[PDB]
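Both blocks below hold the same protein chain, though in two forms, and each is given as structure tokens: structure 1 and structure 2.
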Structure 1
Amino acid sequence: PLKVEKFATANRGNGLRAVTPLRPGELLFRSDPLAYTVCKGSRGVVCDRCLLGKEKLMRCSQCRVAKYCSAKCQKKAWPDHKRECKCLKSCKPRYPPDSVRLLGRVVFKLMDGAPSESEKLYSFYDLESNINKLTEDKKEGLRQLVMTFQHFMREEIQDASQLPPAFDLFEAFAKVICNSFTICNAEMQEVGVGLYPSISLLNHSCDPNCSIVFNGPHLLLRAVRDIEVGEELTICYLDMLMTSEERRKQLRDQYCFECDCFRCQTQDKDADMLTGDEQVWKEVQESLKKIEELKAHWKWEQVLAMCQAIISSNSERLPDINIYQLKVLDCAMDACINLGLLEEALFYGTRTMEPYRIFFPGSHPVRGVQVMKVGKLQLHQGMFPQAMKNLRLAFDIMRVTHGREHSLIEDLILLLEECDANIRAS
């Protein structure tokens, strides 16, 4: 029996609302994707099927593009990979934009006669395209994606008569652009992109009452606050470390609306986010463009070298709460974890804790995972009382944001039990 239902909002189109009162941490919905793909920077780093990193991946021998952790993943991925294999092979080393590869998988799913559980509440054809609100530059970009799709798919599909007549390729890309979800791994690195049409019913708030987390491709939707009967359910489409002007620009450009939520109207936290001299932090913001691109491709040594230069040079001027300096510290922490420099990772990660408490209020999965990473570093460096406090804090957050249906909870319980054992051994 569903705890959520589709309804027509006044001014926001369709939405999702609570059928019964909801408590923090309650699981509302769970979904596999209608279709998904590994993202550009992660291809060849993580398994095409399960989106897990492995030092050794094995290539599809037919295209040499898709890569898998195991013969089991390769075989289970074959129905989804079978019709794109020849297409990926044709263009190697050239590779299609993620949206093109995703839509190539979507179109063949739409020809299944069985109902897709991912479409239970809302279908692909229901998805909002905003076609009448798109700017001319956006429509030109969509026309370019259409031509790229037609070229990429030409071995499999040469004409619109080979796809359902209700499908329109231009409108499909418009739907993909405002309805796709970024898939993150357990460590909150972006590994993939997918369509989850029932979950696309949720409208946006910069102070949402629900949160989504991924376990591989699988999506869990949870309440993060108490929610009354009939209350609209919302999620945040955006990164939390963004000022209100940045948020409004991204929501206008991608999603075609002007965000009037309480935080955007009141500039909530902007002053803290921008702490320090703009002449100083604008340089960090600019450097972050390259850093975030390197991080997306998992180039950790390069990330760390760029971050260290910024962190040492600004130490006398720029506070850690500034969101651009904070992102650099987080990139530095994750680079160090991935490179095995654990003492240095803890130095950067400890510095993110109070800014994360301020900018991720309540229960947010990004803060839960960050606090867990810091507690895990403290535990292995032998600071047990500090680690225990952070691991307990992480569990308080993650029981709400992750829940027992997410496998990271069992990992956290093991760390808590190990920390407790070291404390007792004195």
Structure 2
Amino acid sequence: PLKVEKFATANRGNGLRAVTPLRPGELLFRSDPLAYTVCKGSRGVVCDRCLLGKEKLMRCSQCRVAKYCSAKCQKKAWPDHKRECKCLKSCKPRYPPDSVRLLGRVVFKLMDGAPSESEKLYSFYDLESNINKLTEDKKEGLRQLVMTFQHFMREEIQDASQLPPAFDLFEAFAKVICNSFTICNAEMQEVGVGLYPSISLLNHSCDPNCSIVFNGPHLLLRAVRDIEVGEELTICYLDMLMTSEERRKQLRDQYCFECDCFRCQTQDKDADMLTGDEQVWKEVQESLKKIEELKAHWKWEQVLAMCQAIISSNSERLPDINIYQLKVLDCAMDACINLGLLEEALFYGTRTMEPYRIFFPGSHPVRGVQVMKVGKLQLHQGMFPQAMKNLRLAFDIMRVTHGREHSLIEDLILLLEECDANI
């Protein structure tokens, strides 16, 4: 019994809107991907199927590229892995761009698979391609991806008959660039990339009324505000820790539109995001490219060493409300968590709390997770008043953003029961 419907918007293509009134935290839609895969940096670190980290993964012996937490996941992934296996084998030791592997899985799913539930409201066929808006160098990039695909698929796909009817590879890559979801794990690390075509109906806002959250590859779409019958549903395509200029560029480059929202009109919060010595935060911005690369490959010790040279720099420092400092602090926290340095993690974690309160207003899944992490760190150092405060806060946010259908909630519920014992 669906609470949402596709409709044609006035000036931003198709969209999704409420059929009934919606309360904050209400579950609107849930979906497995049409197709999905591990990100290049998380390959060999998380299970290809369920996208969880394990220190020891089993590999597919044919290709030795697909790896798995367990026999269960490896056997169940086989149907959707079969045909890419060969392609991946012959490609070695060089690995295709994530978008190519993803499209491969799309083409196999469409050709070999039953009709997907992910396409109930909107199919891959319907996805926006923005073809008449692409720049020539973006076009050039798509043509390279098309030829990369043909090379990668030379064995499994020789001609048009093995693609769907009237399938155009250029058009399909155009779809993939602006309809690919970055799948994040429970701790909000980017772990994979997928297509969820029904979810791709939702248009963008820098102040959205809905939210999406991932439980492995399974995506949950929830309302994070009150929403009236006939009102457009929106999610934020972007990281909240971006300036309007940074949002402008990515929404142009990747999604081919100009955002007309209040926040973009007023440069909302931009000034506060860029406080401190300009010179210092440009070096830190520079350095974050390297830091974020190390983090995507889970190289925690190096992430932390780089972060500590900024946070505890002998030279001039930034305020924690500065978004580049903030990012550096979050990376540091997470590095310390995974290296088992729980004291240092907590120092950093606590310092992110006020800026997150400001930058993730209402109910945002990323703040809820950050608060849980800080609450969790406190709990396991004996700070039971403070910990209980944050865990209840995390629950207040995540009951809206995650909901009882997400298993991280059950983990928090147990943490709440536990911390409740002391009092």
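Rigid core (definition): largest C-alpha set, two forms, superposition within 1.5 Å. Numbers given to residues start at 1 and step along the sequence of structure 1.
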Legend entry - 2 Å-or-more CA mover between structure 1 and structure 2, where superposition uses the core and the choices are 115, 319, 97, 79: 115
Legend entry - Following rigid core superposition, Cα shift of residue 167 between structure 1 and structure 2 in Å: 1.1
Inset, instruction - Having superposed the rigid core, state how many Å the Cα of residue 190 shifts between structure 1 and structure 2. - result: 0.5
